[PDB]
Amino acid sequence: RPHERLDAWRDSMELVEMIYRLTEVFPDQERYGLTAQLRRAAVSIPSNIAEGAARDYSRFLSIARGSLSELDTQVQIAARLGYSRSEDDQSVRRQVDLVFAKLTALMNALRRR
């Protein structure tokens, strides 16, 4: 499995775990709303990277980077709605920034070839 060696994949998978653990203490009203949306956005990041590294490769990473942004927007909504405490909001934000850096450095090296 080639993607499994990528920093971008490893750091994005760690992010996904953080999301699932964040959404556990969310209201139960929200299980199929924001929490299902956060989880679908997060899962899409490593999934798409993994798909890319099976190859066009750039297009898959572009999709992953869009999902990152969707996640980041939905994390902010969580914060604003009072579903997350600062300490956890900050942990996820930093991790999102980390995934962004690793993913664009990977996208950039692919474009240069």
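Numbering starts at 1 and runs along the sequence shown.
- The entry models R80 and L81 with no unmodelled deposited residue separating them.
- Across the two stretches, 17-25 and 97-105, the PDB entry reports the greater mean Cα temperature factor for 17-25.
- Mean C-alpha B-factor is higher over 86-94 than over the other stretch, the pair under comparison being 7-15 and 86-94.
- When the Cα B-factors of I63, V75, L34, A54 are read from the PDB record, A54 comes out highest.
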